[PDB]
>>> print(open('data-v8.pdb').read())   # PDB, C-alpha atoms and all ligand atoms
ATOM      1  CA  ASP A 152       5.693 -48.006 -34.198  1.00  0.00           C
ATOM      2  CA  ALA A 153       2.433 -47.787 -36.119  1.00  0.00           C
ATOM      3  CA  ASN A 154      -0.950 -46.533 -34.802  1.00  0.00           C
ATOM      4  CA  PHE A 155       1.052 -43.629 -33.334  1.00  0.00           C
ATOM      5  CA  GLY A 156       2.369 -40.677 -35.309  1.00  0.00           C
ATOM      6  CA  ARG A 157       5.455 -40.371 -33.092  1.00  0.00           C
ATOM      7  CA  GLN A 158       8.072 -42.490 -31.332  1.00  0.00           C
ATOM      8  CA  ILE A 159       6.892 -44.000 -28.049  1.00  0.00           C
ATOM      9  CA  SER A 160       7.982 -46.465 -25.372  1.00  0.00           C
ATOM     10  CA  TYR A 161       5.899 -48.900 -23.322  1.00  0.00           C
ATOM     11  CA  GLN A 162       8.559 -49.243 -20.609  1.00  0.00           C
ATOM     12  CA  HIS A 163       7.204 -46.411 -18.443  1.00  0.00           C
ATOM     13  CA  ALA A 164       5.028 -43.287 -18.497  1.00  0.00           C
ATOM     14  CA  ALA A 165       6.111 -39.776 -19.437  1.00  0.00           C
ATOM     15  CA  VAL A 166       5.369 -36.819 -17.162  1.00  0.00           C
ATOM     16  CA  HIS A 167       4.433 -33.336 -18.380  1.00  0.00           C
ATOM     17  CA  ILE A 168       4.973 -30.344 -16.086  1.00  0.00           C
ATOM     18  CA  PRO A 169       3.828 -26.841 -17.119  1.00  0.00           C
ATOM     19  CA  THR A 170       6.478 -24.187 -17.638  1.00  0.00           C
ATOM     20  CA  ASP A 171       5.043 -21.940 -14.908  1.00  0.00           C
ATOM     21  CA  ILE A 172       5.173 -24.837 -12.400  1.00  0.00           C
ATOM     22  CA  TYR A 173       8.482 -25.562 -10.680  1.00  0.00           C
ATOM     23  CA  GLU A 174       9.433 -29.220 -10.575  1.00  0.00           C
ATOM     24  CA  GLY A 175      11.177 -30.262  -7.384  1.00  0.00           C
ATOM     25  CA  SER A 176       8.835 -28.408  -5.037  1.00  0.00           C
ATOM     26  CA  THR A 177       7.348 -30.322  -2.118  1.00  0.00           C
ATOM     27  CA  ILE A 178       3.836 -30.253  -3.597  1.00  0.00           C
ATOM     28  CA  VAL A 179       5.073 -31.504  -6.973  1.00  0.00           C
ATOM     29  CA  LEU A 180       7.555 -34.058  -5.616  1.00  0.00           C
ATOM     30  CA  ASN A 181       4.984 -35.706  -3.340  1.00  0.00           C
ATOM     31  CA  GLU A 182       2.589 -35.975  -6.281  1.00  0.00           C
ATOM     32  CA  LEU A 183       5.512 -37.278  -8.349  1.00  0.00           C
ATOM     33  CA  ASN A 184       5.901 -40.307  -6.052  1.00  0.00           C
ATOM     34  CA  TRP A 185       2.442 -41.788  -5.506  1.00  0.00           C
ATOM     35  CA  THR A 186       1.623 -41.430  -9.208  1.00  0.00           C
ATOM     36  CA  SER A 187       4.523 -43.776 -10.004  1.00  0.00           C
ATOM     37  CA  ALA A 188       2.221 -46.633  -8.968  1.00  0.00           C
ATOM     38  CA  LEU A 189       0.108 -45.852 -12.048  1.00  0.00           C
ATOM     39  CA  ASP A 190       2.809 -47.260 -14.339  1.00  0.00           C
ATOM     40  CA  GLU A 191       1.945 -50.890 -13.577  1.00  0.00           C
ATOM     41  CA  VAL A 192      -1.796 -50.356 -14.043  1.00  0.00           C
ATOM     42  CA  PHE A 193      -1.029 -48.410 -17.225  1.00  0.00           C
ATOM     43  CA  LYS A 194       0.664 -51.560 -18.539  1.00  0.00           C
ATOM     44  CA  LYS A 195      -2.052 -53.840 -17.160  1.00  0.00           C
ATOM     45  CA  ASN A 196      -4.739 -51.796 -18.930  1.00  0.00           C
ATOM     46  CA  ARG A 197      -2.922 -52.066 -22.269  1.00  0.00           C
ATOM     47  CA  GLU A 198      -2.326 -55.828 -22.109  1.00  0.00           C
ATOM     48  CA  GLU A 199      -5.940 -56.901 -22.667  1.00  0.00           C
ATOM     49  CA  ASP A 200      -6.468 -54.184 -25.312  1.00  0.00           C
ATOM     50  CA  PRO A 201      -3.286 -53.481 -27.320  1.00  0.00           C
ATOM     51  CA  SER A 202      -5.366 -51.014 -29.388  1.00  0.00           C
ATOM     52  CA  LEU A 203      -5.444 -48.553 -26.469  1.00  0.00           C
ATOM     53  CA  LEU A 204      -4.447 -44.934 -27.108  1.00  0.00           C
ATOM     54  CA  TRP A 205      -3.132 -42.332 -24.630  1.00  0.00           C
ATOM     55  CA  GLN A 206      -4.031 -42.895 -20.976  1.00  0.00           C
ATOM     56  CA  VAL A 207      -3.473 -39.704 -18.982  1.00  0.00           C
ATOM     57  CA  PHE A 208      -3.840 -38.683 -15.333  1.00  0.00           C
ATOM     58  CA  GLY A 209      -4.264 -34.941 -14.921  1.00  0.00           C
ATOM     59  CA  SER A 210      -3.425 -33.997 -11.348  1.00  0.00           C
ATOM     60  CA  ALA A 211      -4.721 -30.896  -9.595  1.00  0.00           C
ATOM     61  CA  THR A 212      -1.106 -29.886  -8.905  1.00  0.00           C
ATOM     62  CA  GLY A 213      -0.610 -29.252 -12.647  1.00  0.00           C
ATOM     63  CA  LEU A 214       1.422 -32.239 -13.814  1.00  0.00           C
ATOM     64  CA  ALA A 215       0.024 -34.757 -16.300  1.00  0.00           C
ATOM     65  CA  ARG A 216       1.389 -38.306 -16.517  1.00  0.00           C
ATOM     66  CA  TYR A 217       0.479 -40.189 -19.694  1.00  0.00           C
ATOM     67  CA  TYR A 218       1.192 -43.614 -21.180  1.00  0.00           C
ATOM     68  CA  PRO A 219       2.949 -44.711 -23.303  1.00  0.00           C
ATOM     69  CA  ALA A 220       5.914 -42.398 -22.784  1.00  0.00           C
ATOM     70  CA  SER A 221       6.547 -40.075 -25.720  1.00  0.00           C
ATOM     71  CA  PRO A 222       8.247 -36.677 -26.107  1.00  0.00           C
ATOM     72  CA  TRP A 223       6.227 -33.499 -25.807  1.00  0.00           C
ATOM     73  CA  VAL A 224       5.601 -31.372 -28.885  1.00  0.00           C
ATOM     74  CA  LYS A 232       8.101 -22.069 -29.718  1.00  0.00           C
ATOM     75  CA  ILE A 233       7.321 -21.985 -25.990  1.00  0.00           C
ATOM     76  CA  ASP A 234       5.049 -24.406 -24.122  1.00  0.00           C
ATOM     77  CA  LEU A 235       1.704 -23.130 -22.811  1.00  0.00           C
ATOM     78  CA  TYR A 236      -0.077 -26.441 -22.175  1.00  0.00           C
ATOM     79  CA  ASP A 237      -1.764 -26.806 -18.787  1.00  0.00           C
ATOM     80  CA  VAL A 238      -3.666 -30.029 -18.157  1.00  0.00           C
ATOM     81  CA  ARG A 239      -6.063 -28.271 -15.767  1.00  0.00           C
ATOM     82  CA  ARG A 240      -7.483 -26.057 -18.545  1.00  0.00           C
ATOM     83  CA  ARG A 241      -8.129 -28.854 -21.040  1.00  0.00           C
ATOM     84  CA  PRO A 242     -11.775 -29.498 -21.995  1.00  0.00           C
ATOM     85  CA  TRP A 243     -11.584 -33.148 -20.917  1.00  0.00           C
ATOM     86  CA  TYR A 244     -10.283 -32.158 -17.476  1.00  0.00           C
ATOM     87  CA  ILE A 245     -12.865 -29.410 -16.979  1.00  0.00           C
ATOM     88  CA  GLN A 246     -15.968 -31.544 -17.534  1.00  0.00           C
ATOM     89  CA  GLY A 247     -14.844 -34.068 -14.914  1.00  0.00           C
ATOM     90  CA  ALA A 248     -13.905 -31.385 -12.404  1.00  0.00           C
ATOM     91  CA  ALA A 249     -17.461 -30.065 -11.950  1.00  0.00           C
ATOM     92  CA  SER A 250     -20.943 -29.959 -13.495  1.00  0.00           C
ATOM     93  CA  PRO A 251     -22.449 -27.648 -16.132  1.00  0.00           C
TER      94      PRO A 251
ATOM     95  CA  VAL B1010      43.296  25.913   5.310  1.00  0.00           C
ATOM     96  CA  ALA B1011      39.735  26.079   4.016  1.00  0.00           C
ATOM     97  CA  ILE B1012      39.259  22.337   4.622  1.00  0.00           C
ATOM     98  CA  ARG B1013      39.781  22.681   8.413  1.00  0.00           C
ATOM     99  CA  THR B1014      36.985  25.280   8.695  1.00  0.00           C
ATOM    100  CA  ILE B1015      34.376  22.513   8.745  1.00  0.00           C
ATOM    101  CA  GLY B1016      36.102  20.371  11.330  1.00  0.00           C
ATOM    102  CA  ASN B1017      33.019  20.299  13.523  1.00  0.00           C
ATOM    103  CA  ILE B1018      30.058  20.181  11.151  1.00  0.00           C
ATOM    104  CA  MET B1019      31.642  17.498   8.971  1.00  0.00           C
ATOM    105  CA  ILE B1020      31.730  15.377  12.149  1.00  0.00           C
ATOM    106  CA  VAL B1021      28.169  15.945  13.361  1.00  0.00           C
ATOM    107  CA  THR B1022      26.803  15.260   9.870  1.00  0.00           C
ATOM    108  CA  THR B1023      28.737  11.975   9.760  1.00  0.00           C
ATOM    109  CA  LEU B1024      27.385  11.066  13.200  1.00  0.00           C
ATOM    110  CA  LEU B1025      23.818  11.826  12.110  1.00  0.00           C
ATOM    111  CA  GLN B1026      24.292   9.808   8.920  1.00  0.00           C
ATOM    112  CA  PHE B1027      25.525   6.871  11.009  1.00  0.00           C
ATOM    113  CA  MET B1028      22.550   7.109  13.381  1.00  0.00           C
ATOM    114  CA  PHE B1029      20.112   7.266  10.468  1.00  0.00           C
ATOM    115  CA  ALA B1030      21.894   4.317   8.843  1.00  0.00           C
ATOM    116  CA  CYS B1031      21.396   2.266  12.007  1.00  0.00           C
ATOM    117  CA  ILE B1032      17.727   3.292  12.196  1.00  0.00           C
ATOM    118  CA  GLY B1033      17.272   2.336   8.545  1.00  0.00           C
ATOM    119  CA  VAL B1034      18.944  -1.010   9.203  1.00  0.00           C
ATOM    120  CA  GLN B1035      16.437  -1.610  11.988  1.00  0.00           C
ATOM    121  CA  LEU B1036      13.521  -0.533   9.788  1.00  0.00           C
ATOM    122  CA  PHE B1037      14.288  -2.142   6.396  1.00  0.00           C
ATOM    123  CA  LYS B1038      16.491  -5.134   7.260  1.00  0.00           C
ATOM    124  CA  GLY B1039      16.051  -7.584   4.398  1.00  0.00           C
ATOM    125  CA  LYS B1040      12.686  -6.163   3.312  1.00  0.00           C
ATOM    126  CA  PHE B1041      13.860  -5.022  -0.145  1.00  0.00           C
ATOM    127  CA  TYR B1042      13.970  -8.453  -1.806  1.00  0.00           C
ATOM    128  CA  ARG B1043      11.688  -9.271  -4.721  1.00  0.00           C
ATOM    129  CA  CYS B1044      11.236 -11.950  -7.370  1.00  0.00           C
ATOM    130  CA  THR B1045      11.720 -11.592 -11.112  1.00  0.00           C
ATOM    131  CA  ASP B1046       7.984 -12.008 -11.765  1.00  0.00           C
ATOM    132  CA  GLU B1047       5.658  -9.863  -9.676  1.00  0.00           C
ATOM    133  CA  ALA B1048       3.507 -12.824  -8.629  1.00  0.00           C
ATOM    134  CA  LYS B1049       5.615 -14.804  -6.111  1.00  0.00           C
ATOM    135  CA  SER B1050       6.132 -13.348  -2.637  1.00  0.00           C
ATOM    136  CA  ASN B1051       8.119 -16.036  -0.829  1.00  0.00           C
ATOM    137  CA  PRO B1052      11.664 -16.996  -1.866  1.00  0.00           C
ATOM    138  CA  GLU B1053      10.434 -20.605  -1.880  1.00  0.00           C
ATOM    139  CA  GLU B1054       7.905 -19.806  -4.618  1.00  0.00           C
ATOM    140  CA  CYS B1055      10.524 -17.885  -6.640  1.00  0.00           C
ATOM    141  CA  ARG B1056      12.199 -20.883  -8.251  1.00  0.00           C
ATOM    142  CA  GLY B1057      12.240 -22.259 -11.774  1.00  0.00           C
ATOM    143  CA  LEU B1058      10.975 -20.725 -14.995  1.00  0.00           C
ATOM    144  CA  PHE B1059       7.989 -18.496 -15.676  1.00  0.00           C
ATOM    145  CA  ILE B1060       6.110 -17.037 -18.637  1.00  0.00           C
ATOM    146  CA  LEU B1061       6.731 -13.314 -19.138  1.00  0.00           C
ATOM    147  CA  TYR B1062       4.565 -11.198 -21.442  1.00  0.00           C
ATOM    148  CA  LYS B1063       6.423  -8.446 -23.279  1.00  0.00           C
ATOM    149  CA  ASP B1064       5.025  -4.911 -22.912  1.00  0.00           C
ATOM    150  CA  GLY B1065       1.880  -6.242 -21.243  1.00  0.00           C
ATOM    151  CA  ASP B1066       0.727  -8.090 -24.374  1.00  0.00           C
ATOM    152  CA  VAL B1067      -0.829 -11.488 -23.655  1.00  0.00           C
ATOM    153  CA  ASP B1068      -0.199 -12.638 -27.245  1.00  0.00           C
ATOM    154  CA  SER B1069       3.623 -12.320 -27.070  1.00  0.00           C
ATOM    155  CA  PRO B1070       4.986 -14.490 -24.243  1.00  0.00           C
ATOM    156  CA  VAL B1071       8.618 -15.317 -23.518  1.00  0.00           C
ATOM    157  CA  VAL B1072      10.094 -17.885 -21.128  1.00  0.00           C
ATOM    158  CA  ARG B1073      12.304 -16.406 -18.401  1.00  0.00           C
ATOM    159  CA  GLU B1074      13.756 -17.729 -15.151  1.00  0.00           C
ATOM    160  CA  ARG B1075      12.695 -16.172 -11.850  1.00  0.00           C
ATOM    161  CA  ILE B1076      15.465 -15.089  -9.471  1.00  0.00           C
ATOM    162  CA  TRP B1077      15.020 -13.958  -5.858  1.00  0.00           C
ATOM    163  CA  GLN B1078      16.979 -10.746  -6.305  1.00  0.00           C
ATOM    164  CA  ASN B1079      17.920  -8.077  -3.776  1.00  0.00           C
ATOM    165  CA  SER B1080      17.843  -4.324  -4.267  1.00  0.00           C
ATOM    166  CA  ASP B1081      21.098  -2.727  -5.386  1.00  0.00           C
ATOM    167  CA  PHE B1082      20.815  -0.092  -2.630  1.00  0.00           C
ATOM    168  CA  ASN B1083      19.476  -2.063   0.330  1.00  0.00           C
ATOM    169  CA  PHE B1084      19.598  -1.705   4.135  1.00  0.00           C
ATOM    170  CA  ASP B1085      20.929  -5.166   4.986  1.00  0.00           C
ATOM    171  CA  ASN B1086      23.799  -3.914   7.168  1.00  0.00           C
ATOM    172  CA  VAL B1087      25.286  -0.629   8.341  1.00  0.00           C
ATOM    173  CA  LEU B1088      27.623  -0.138   5.369  1.00  0.00           C
ATOM    174  CA  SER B1089      24.835  -0.725   2.839  1.00  0.00           C
ATOM    175  CA  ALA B1090      22.590   1.637   4.798  1.00  0.00           C
ATOM    176  CA  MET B1091      25.291   4.318   4.736  1.00  0.00           C
ATOM    177  CA  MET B1092      25.710   3.876   0.991  1.00  0.00           C
ATOM    178  CA  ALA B1093      21.962   4.117   0.370  1.00  0.00           C
ATOM    179  CA  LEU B1094      21.633   7.180   2.597  1.00  0.00           C
ATOM    180  CA  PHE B1095      24.572   8.845   0.840  1.00  0.00           C
ATOM    181  CA  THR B1096      22.887   8.261  -2.519  1.00  0.00           C
ATOM    182  CA  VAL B1097      19.691   9.737  -1.058  1.00  0.00           C
ATOM    183  CA  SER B1098      21.579  12.784   0.232  1.00  0.00           C
ATOM    184  CA  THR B1099      22.972  13.305  -3.266  1.00  0.00           C
ATOM    185  CA  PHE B1100      19.282  13.598  -4.311  1.00  0.00           C
ATOM    186  CA  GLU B1101      19.729  10.984  -7.056  1.00  0.00           C
ATOM    187  CA  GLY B1102      17.475   7.950  -7.276  1.00  0.00           C
ATOM    188  CA  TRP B1103      15.872   8.772  -3.927  1.00  0.00           C
ATOM    189  CA  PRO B1104      12.240   8.480  -5.171  1.00  0.00           C
ATOM    190  CA  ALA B1105      12.921   4.922  -6.343  1.00  0.00           C
TER     191      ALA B1105
HETATM  192  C1  LIG C   1       7.737 -42.833  -2.158  1.00  0.00           C
HETATM  193  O1  LIG C   1       9.147 -42.862  -2.176  1.00  0.00           O
HETATM  194  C2  LIG C   1       9.692 -43.761  -1.199  1.00  0.00           C
HETATM  195  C3  LIG C   1      11.193 -43.630  -1.291  1.00  0.00           C
HETATM  196  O2  LIG C   1      11.588 -43.102  -2.549  1.00  0.00           O
HETATM  197  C4  LIG C   1       9.200 -45.197  -1.427  1.00  0.00           C
HETATM  198  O3  LIG C   1       9.536 -45.956  -0.271  1.00  0.00           O
HETATM  199  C5  LIG C   1      10.464 -47.030  -0.512  1.00  0.00           C
HETATM  200  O4  LIG C   1       9.933 -48.095  -1.305  1.00  0.00           O
HETATM  201  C6  LIG C   1      10.854 -49.179  -1.505  1.00  0.00           C
HETATM  202  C7  LIG C   1      10.195 -50.146  -2.461  1.00  0.00           C
HETATM  203  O5  LIG C   1       8.791 -49.935  -2.533  1.00  0.00           O
HETATM  204  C8  LIG C   1      11.214 -49.814  -0.163  1.00  0.00           C
HETATM  205  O6  LIG C   1      12.170 -50.847  -0.378  1.00  0.00           O
HETATM  206  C9  LIG C   1      11.821 -52.042   0.362  1.00  0.00           C
HETATM  207  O7  LIG C   1      10.763 -51.815   1.286  1.00  0.00           O
HETATM  208  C10 LIG C   1      10.305 -53.035   1.884  1.00  0.00           C
HETATM  209  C11 LIG C   1       9.145 -52.671   2.782  1.00  0.00           C
HETATM  210  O8  LIG C   1       7.900 -52.820   2.111  1.00  0.00           O
HETATM  211  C12 LIG C   1      11.451 -53.709   2.634  1.00  0.00           C
HETATM  212  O9  LIG C   1      11.677 -54.999   2.077  1.00  0.00           O
HETATM  213  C13 LIG C   1      12.729 -52.880   2.559  1.00  0.00           C
HETATM  214  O10 LIG C   1      12.590 -51.701   3.343  1.00  0.00           O
HETATM  215  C14 LIG C   1      13.073 -52.498   1.117  1.00  0.00           C
HETATM  216  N1  LIG C   1      13.719 -53.607   0.434  1.00  0.00           N
HETATM  217  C15 LIG C   1      14.881 -53.492  -0.219  1.00  0.00           C
HETATM  218  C16 LIG C   1      15.508 -52.128  -0.215  1.00  0.00           C
HETATM  219  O11 LIG C   1      15.403 -54.445  -0.787  1.00  0.00           O
HETATM  220  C17 LIG C   1      11.791 -48.764   0.776  1.00  0.00           C
HETATM  221  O12 LIG C   1      11.985 -49.320   2.071  1.00  0.00           O
HETATM  222  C18 LIG C   1      10.848 -47.562   0.878  1.00  0.00           C
HETATM  223  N2  LIG C   1      11.364 -46.531   1.779  1.00  0.00           N
HETATM  224  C19 LIG C   1      12.473 -45.771   1.654  1.00  0.00           C
HETATM  225  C20 LIG C   1      13.343 -45.986   0.440  1.00  0.00           C
HETATM  226  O13 LIG C   1      12.767 -44.937   2.503  1.00  0.00           O
HETATM  227  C21 LIG C   1       7.687 -45.259  -1.598  1.00  0.00           C
HETATM  228  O14 LIG C   1       7.304 -46.545  -2.074  1.00  0.00           O
HETATM  229  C22 LIG C   1       7.200 -44.195  -2.573  1.00  0.00           C
HETATM  230  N3  LIG C   1       5.748 -44.195  -2.647  1.00  0.00           N
HETATM  231  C23 LIG C   1       5.071 -44.766  -3.650  1.00  0.00           C
HETATM  232  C24 LIG C   1       3.577 -44.681  -3.568  1.00  0.00           C
HETATM  233  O15 LIG C   1       5.640 -45.323  -4.583  1.00  0.00           O
HETATM  234  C1  LIG C   2     -13.071 -54.723 -26.494  1.00  0.00           C
HETATM  235  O1  LIG C   2     -14.057 -54.405 -27.480  1.00  0.00           O
HETATM  236  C2  LIG C   2     -14.264 -55.453 -28.439  1.00  0.00           C
HETATM  237  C3  LIG C   2     -15.239 -54.918 -29.463  1.00  0.00           C
HETATM  238  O2  LIG C   2     -14.746 -53.740 -30.085  1.00  0.00           O
HETATM  239  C4  LIG C   2     -14.768 -56.708 -27.731  1.00  0.00           C
HETATM  240  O3  LIG C   2     -14.905 -57.758 -28.683  1.00  0.00           O
HETATM  241  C5  LIG C   2     -13.798 -57.125 -26.634  1.00  0.00           C
HETATM  242  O4  LIG C   2     -14.341 -58.208 -25.889  1.00  0.00           O
HETATM  243  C6  LIG C   2     -13.517 -55.952 -25.695  1.00  0.00           C
HETATM  244  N1  LIG C   2     -12.543 -56.321 -24.677  1.00  0.00           N
HETATM  245  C7  LIG C   2     -11.284 -56.704 -24.934  1.00  0.00           C
HETATM  246  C8  LIG C   2     -10.449 -57.040 -23.736  1.00  0.00           C
HETATM  247  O5  LIG C   2     -10.839 -56.777 -26.076  1.00  0.00           O
END
>>> encode(input="data-v8.pdb", output="structure tokens")
Amino acid sequence: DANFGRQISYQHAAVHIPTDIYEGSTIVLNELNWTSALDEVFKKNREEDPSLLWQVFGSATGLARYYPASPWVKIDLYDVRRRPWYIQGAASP
Amino acid sequence: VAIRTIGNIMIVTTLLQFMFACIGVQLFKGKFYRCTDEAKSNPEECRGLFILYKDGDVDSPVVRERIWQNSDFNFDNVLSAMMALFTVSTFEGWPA
């Protein structure tokens, strides 16, 4: 679609897990359940404003779930916990 | 004829090697395991992939899988202990 440089899907939300973080662990899997309830409110947010760009939840466990679902972009070194937008909301100056 | 000369010593040395193998089994039973990356201690944390830096350079990373490996010469049981102690007695690889 337009207003997006890549191919996306509004059916659900993609999940990004850092390379150095093992998916399937108890910490990750528990976080991977209760964040599935964000899919409906991801859709509900986008219905009033169809001009809405990426909505992302950066968990303290390391995984980042964003909407709409779209494939991730050499090795991967992205960690959501080190991003500037995550850091300013984690603490104060 | 020569071979029978050490009919006694060759027995006491085998007995002592067996006793030391049993002591080593008691001392280092299963303690020689380690993970592929030197950052995970438990076997539960040694699962999945990890980022490895070649030659200690932070600018050249490679993706490798971490495996909870065991030492080639371990002390898990009596036979392995005897093999490890024999290799030690040959004076090869004993510092490692
Ligand atoms: C964490 O994962 C759990 C299992 O994967 C989820 O628990 C399951 O949720 C299902 C739907 O939400 C439940 O199905 C229905 O539950 C209602 C009770 O509210 C009942 O009608 C029936 O039990 C069932 N109906 C059916 C099957 O037609 C499961 O019962 C429930 N438990 C399981 C499968 O053991 C959690 O929802 C999930 N957590 C979050 C936050 O999503
Ligand atoms: C969104 O912002 C626009 C102005 O840019 C405003 O007109 C509108 O009421 C706001 N809310 C929705 C749901 O569009």
>>> resolve_selection(input="data-v8.pdb", expression="the PyMOL selection byres ((chain A) within 12 of (chain B))", output="JSON, numbers by chain")
{"A": [168, 169, 170, 171, 172, 173, 174, 175, 176, 177, 178, 232, 233, 234, 235, 236]}
>>> resolve_selection(input="data-v8.pdb", expression="the PyMOL selection byres (((chain B and resi 1092) around 12) and not hetatm)", output="PyMOL selection string")
chain B and resi 1026-1027+1029-1031+1033-1034+1081-1091+1093-1099
>>> residues_around(input="data-v8.pdb", residues="residue 1045 of chain B", least_positions_apart="4", cutoff="7 Å", atoms="all atoms listed in the file", output="list in words")
residues 1075, 1076 and 1077 of chain B
>>> resolve_selection(input="data-v8.pdb", expression="the PyMOL selection byres (((chain A and resi 210-220) around 8) and not hetatm)", output="PDB file with C-alpha atoms, keeping the file's coordinate frame")
ATOM      1  CA  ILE A 159       6.892 -44.000 -28.049  1.00  0.00           C
ATOM      2  CA  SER A 160       7.982 -46.465 -25.372  1.00  0.00           C
ATOM      3  CA  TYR A 161       5.899 -48.900 -23.322  1.00  0.00           C
ATOM      4  CA  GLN A 162       8.559 -49.243 -20.609  1.00  0.00           C
ATOM      5  CA  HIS A 163       7.204 -46.411 -18.443  1.00  0.00           C
ATOM      6  CA  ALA A 164       5.028 -43.287 -18.497  1.00  0.00           C
ATOM      7  CA  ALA A 165       6.111 -39.776 -19.437  1.00  0.00           C
ATOM      8  CA  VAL A 166       5.369 -36.819 -17.162  1.00  0.00           C
ATOM      9  CA  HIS A 167       4.433 -33.336 -18.380  1.00  0.00           C
ATOM     10  CA  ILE A 168       4.973 -30.344 -16.086  1.00  0.00           C
ATOM     11  CA  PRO A 169       3.828 -26.841 -17.119  1.00  0.00           C
ATOM     12  CA  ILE A 172       5.173 -24.837 -12.400  1.00  0.00           C
ATOM     13  CA  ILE A 178       3.836 -30.253  -3.597  1.00  0.00           C
ATOM     14  CA  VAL A 179       5.073 -31.504  -6.973  1.00  0.00           C
ATOM     15  CA  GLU A 182       2.589 -35.975  -6.281  1.00  0.00           C
ATOM     16  CA  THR A 186       1.623 -41.430  -9.208  1.00  0.00           C
ATOM     17  CA  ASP A 190       2.809 -47.260 -14.339  1.00  0.00           C
ATOM     18  CA  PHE A 193      -1.029 -48.410 -17.225  1.00  0.00           C
ATOM     19  CA  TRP A 205      -3.132 -42.332 -24.630  1.00  0.00           C
ATOM     20  CA  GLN A 206      -4.031 -42.895 -20.976  1.00  0.00           C
ATOM     21  CA  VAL A 207      -3.473 -39.704 -18.982  1.00  0.00           C
ATOM     22  CA  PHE A 208      -3.840 -38.683 -15.333  1.00  0.00           C
ATOM     23  CA  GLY A 209      -4.264 -34.941 -14.921  1.00  0.00           C
ATOM     24  CA  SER A 221       6.547 -40.075 -25.720  1.00  0.00           C
ATOM     25  CA  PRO A 222       8.247 -36.677 -26.107  1.00  0.00           C
ATOM     26  CA  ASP A 237      -1.764 -26.806 -18.787  1.00  0.00           C
ATOM     27  CA  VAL A 238      -3.666 -30.029 -18.157  1.00  0.00           C
ATOM     28  CA  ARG A 239      -6.063 -28.271 -15.767  1.00  0.00           C
TER      29      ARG A 239
END
>>> residues_near_ligand(input="data-v8.pdb", ligand="ligand LIG 2 (chain C)", cutoff="10 Å", atoms="all atoms listed in the file", output="short mmCIF file (atom, residue, chain, number, x, y, z; two decimals) with C-alpha atoms, in the coordinates of the input")
data_model
loop_
_atom_site.label_atom_id
_atom_site.label_comp_id
_atom_site.auth_asym_id
_atom_site.auth_seq_id
_atom_site.Cartn_x
_atom_site.Cartn_y
_atom_site.Cartn_z
CA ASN A 196 -4.74 -51.80 -18.93
CA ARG A 197 -2.92 -52.07 -22.27
CA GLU A 198 -2.33 -55.83 -22.11
CA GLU A 199 -5.94 -56.90 -22.67
CA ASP A 200 -6.47 -54.18 -25.31
CA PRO A 201 -3.29 -53.48 -27.32
CA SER A 202 -5.37 -51.01 -29.39
CA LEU A 203 -5.44 -48.55 -26.47
#
>>> atom_distance(input="data-v8.pdb", atom1="atom CA of residue 1022 of chain B", atom2="atom CA of residue 1037 of chain B")
21.7 Å
>>> residues_near_ligand(input="data-v8.pdb", ligand="ligand LIG 1 (chain C)", cutoff="6 Å", atoms="only C-alpha atoms and all ligand atoms", output="PyMOL selection string")
chain A and resi 184-185+187-188
>>> decode(input="data-v8.pdb", residues="segment 1033-1059 of chain B", atoms="C-alpha atoms", output="CSV table (one decimal), in the first residue's frame")
chain,number,residue,atom,x,y,z
B,1033,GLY,CA,38.2,-37.5,40.3
B,1034,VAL,CA,34.7,-38.8,39.5
B,1035,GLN,CA,33.6,-37.7,43.0
B,1036,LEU,CA,35.4,-34.3,42.7
B,1037,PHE,CA,34.6,-33.2,39.1
B,1038,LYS,CA,31.3,-35.0,38.3
B,1039,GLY,CA,29.6,-33.0,35.6
B,1040,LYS,CA,31.5,-29.8,36.5
B,1041,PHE,CA,33.3,-29.5,33.1
B,1042,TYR,CA,30.4,-28.3,31.0
B,1043,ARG,CA,30.4,-24.8,29.4
B,1044,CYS,CA,28.4,-22.8,26.9
B,1045,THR,CA,29.6,-21.6,23.5
B,1046,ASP,CA,29.6,-18.0,24.6
B,1047,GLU,CA,31.4,-17.2,27.9
B,1048,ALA,CA,28.4,-15.3,29.3
B,1049,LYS,CA,25.7,-17.9,30.1
B,1050,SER,CA,26.3,-20.2,33.1
B,1051,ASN,CA,23.2,-22.3,33.3
B,1052,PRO,CA,22.2,-24.8,30.6
B,1053,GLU,CA,18.8,-23.1,30.5
B,1054,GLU,CA,20.4,-19.8,29.5
B,1055,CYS,CA,22.5,-21.5,26.8
B,1056,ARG,CA,19.9,-21.8,24.1
B,1057,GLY,CA,19.4,-20.0,20.8
B,1058,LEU,CA,21.7,-17.7,18.9
B,1059,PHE,CA,24.2,-15.2,20.1
